[PDB]
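Let's start with one chain on its own, the form deposited without the ligand, as structure tokens.
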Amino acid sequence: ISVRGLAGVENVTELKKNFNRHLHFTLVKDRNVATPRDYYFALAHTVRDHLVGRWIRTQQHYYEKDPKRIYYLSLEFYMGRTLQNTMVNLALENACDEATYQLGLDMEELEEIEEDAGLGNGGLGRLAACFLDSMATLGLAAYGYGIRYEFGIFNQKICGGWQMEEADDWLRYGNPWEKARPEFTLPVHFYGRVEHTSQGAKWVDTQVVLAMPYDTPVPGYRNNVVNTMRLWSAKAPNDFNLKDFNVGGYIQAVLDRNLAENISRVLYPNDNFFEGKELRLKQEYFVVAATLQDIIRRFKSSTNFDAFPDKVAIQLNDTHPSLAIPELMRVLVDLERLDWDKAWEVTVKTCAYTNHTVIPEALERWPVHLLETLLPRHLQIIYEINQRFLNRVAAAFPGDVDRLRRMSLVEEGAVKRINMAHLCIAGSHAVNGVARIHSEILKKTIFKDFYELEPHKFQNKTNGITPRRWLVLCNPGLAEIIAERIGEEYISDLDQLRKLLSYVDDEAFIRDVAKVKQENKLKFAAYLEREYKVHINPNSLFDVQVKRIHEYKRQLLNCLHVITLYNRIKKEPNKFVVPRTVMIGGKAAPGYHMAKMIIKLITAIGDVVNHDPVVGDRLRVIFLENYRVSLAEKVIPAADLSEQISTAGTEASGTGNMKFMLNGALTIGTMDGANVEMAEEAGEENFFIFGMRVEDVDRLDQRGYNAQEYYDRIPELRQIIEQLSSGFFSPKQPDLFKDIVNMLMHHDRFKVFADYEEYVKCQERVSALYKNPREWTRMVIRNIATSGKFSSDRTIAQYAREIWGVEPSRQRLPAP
């Protein structure tokens, strides 16, 4: 078997008896009534047993040495399953595989029983999960802090072509990885009012909600380091949530506890979109307030807070945890009694902010009346921060009255709002973009005024993904042939993949790389019929676009191409075309009408295309249901063409793109986000770039975008639009897609038509190359061998050195 570790004689024996110990004592079952779900739990408990020893010494280590601690605050941690990832990082995969084999079980079958920890929406949440893995692998004293939702991202179901949402009860059967820590339970306050006394302000008459922490282990890759991810759960106090007497009902008082506990009930399913609901604000303060108390309690052990920034670094994953700034101030000033200026100095030096998008609708602007009611003291502090900040601006740019209002954290208008992004820039010593182009756009556009005031704050930290879960775990076959030639060191040193460049003309390697891709496609094609049922051709080109459904991602542009292909086939049926299986997957936010309309369009196209006899097996349109981390681990290693076609300037970075490049897929996309650095790394000749560049989009906006022009000059495009309009794809409901057509023609913010021509032309070129297996595979090798830069180990090493002030280390912790 592969390099999934050694299957030692003693360890396979030890594993088996421990599996049986748990099946008996833990699951209280006996082989005759054990269900596959019991088997999955016996294994999980057995594997978890192997890292507790290391978990304890790692934490005890940090207590003894007392290094600077890194706190990663995110309202999302898209973790996925954790059994295999733990086996991989512990080098237990083969031993476990062997052991379960002897016990007569199929490890892979059991792995499929684990529920995904879908505590994230997309890119932002998965980034935090990859980062955690990298921080552990680089031996950093890091902690992931978030909310333990009992319901993560909803499960997607397609009914009559429409998306149906359903609760993600991932904790239903229990979570063997987490451990409640009811000793570090903390109180969080809401509402109340502010009393201004003789020696300071006081936040009074507040409603209390308790925060109970749950720790999950985050094992580093083969270095015996196990960091912690602490997730907070909301709990109602038993007193006041019953003790506030004078009629109401005792039963009612108890049932009403599920009101304070609703704070950690469900994840908001919005990807790159802001919804100003009170429940959302509560979740944001809740995770911030509890985390900070925990952070300071740890520090108090390790009272001059002058050394606080020397021992603490808190990274804000977007503006979601932004209340950490005014909350840090509140504690320091109100509770610790530090003077404002000393407190501000400390706050700015320990906080750092990461921006993830530039679209306006994603920007957090909280109505003042909301902050005023829920967090009265914080609003006061935000006004004071704003006051002193604007004084700094006025002093720097005397008389620039317009700049003053542009930079204010307080936005005037219909209803006053607080610009959380402005708050984060003001109270952080570093602000970074997630890709070179996005970072430049921040300085040139969105935060131009802030950049002029303090240029030193702005940086860039191009995103990355973890090679462990995104290669070794999902694509062992590829990881193996690579290791056969250049060794195993690249798993924690992705740059070494460059060494593969010297095998680009190797006849054996070319054949191998092409063989694993073929085996991956056959397995996926099988999985497709197994769990979803309705055949596909594994010899065709696997054209996949998987990410959340968004207008800016242009799944719609992909649709126009699919329809074009179909129409050309119908025109010349007996002409040869490279067969393609185009797969589109992703979830739409429940309230996103347009996004839900696009899912219906995709399934509608498939209904026509997949049943047209003249088309045969040359073209299949499939919608990938319930796209999530565990599903991504299946499609990506099987894809041939990765679609990254967002309008230039809208996708801050993207990470799915990197996942595909690492797994042997060629990329067709626009010069957007990280796409630019990928093409720059692989060489533009090895990339399928097309469409407008940021500049072209701007030029078009200056003159004005008119979709009619394109509709008029391109017959193929016009034909498609008239097909949608006439009900060619929706016979029973001829006007079903009027909203899409209307939008495309009159309010297309992402100029889908503008990139149409260059897009189908470029698609022709990839079909041409696919017709030449050898050359396609050689280009694939050029991509893989040049993907090393996109490892999150590189990203983390940069955050560590350029923002946190800590030195990464690949040193093995002193055994378990």
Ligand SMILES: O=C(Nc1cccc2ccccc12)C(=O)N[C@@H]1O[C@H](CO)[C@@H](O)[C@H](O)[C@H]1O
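Residue numbers run from 1 along the displayed sequence.
Omitted from view is the form deposited with the ligand bound, to which the following refers.
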Position in contact with the ligand when the complex is considered in the deposited bound form, options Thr655, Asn89, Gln315, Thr347, heavy atoms within 4.5 Å: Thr655
Within 4.5 Å, heavy atoms only, which of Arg580, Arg554, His320, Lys517 is in contact with the ligand in the deposited bound form? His320
With a 4.5 Å heavy atom cut-off to the ligand in the deposited bound form, the contacting stretch among 452-460, 123-131, 705-713, 726-734 is 123-131
Consider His356 of the chain shown here, and say whether it contacts the ligand in the deposited bound form, taking contact as heavy atoms within 4.5 Å. yes
Taking heavy atoms and a 4.5 Å cut-off, does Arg280 contact the ligand in the deposited bound form? yes
Distance check, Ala639 to the ligand in the deposited bound form, heavy atom within 4.5 Å: no
Heavy atom of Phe151 within 4.5 Å of the ligand in the deposited bound form: no
Partner contacts in the deposited bound form for 252-273 (non-hydrogen atom within 4.5 angstroms of the ligand): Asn270, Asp271, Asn272, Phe273
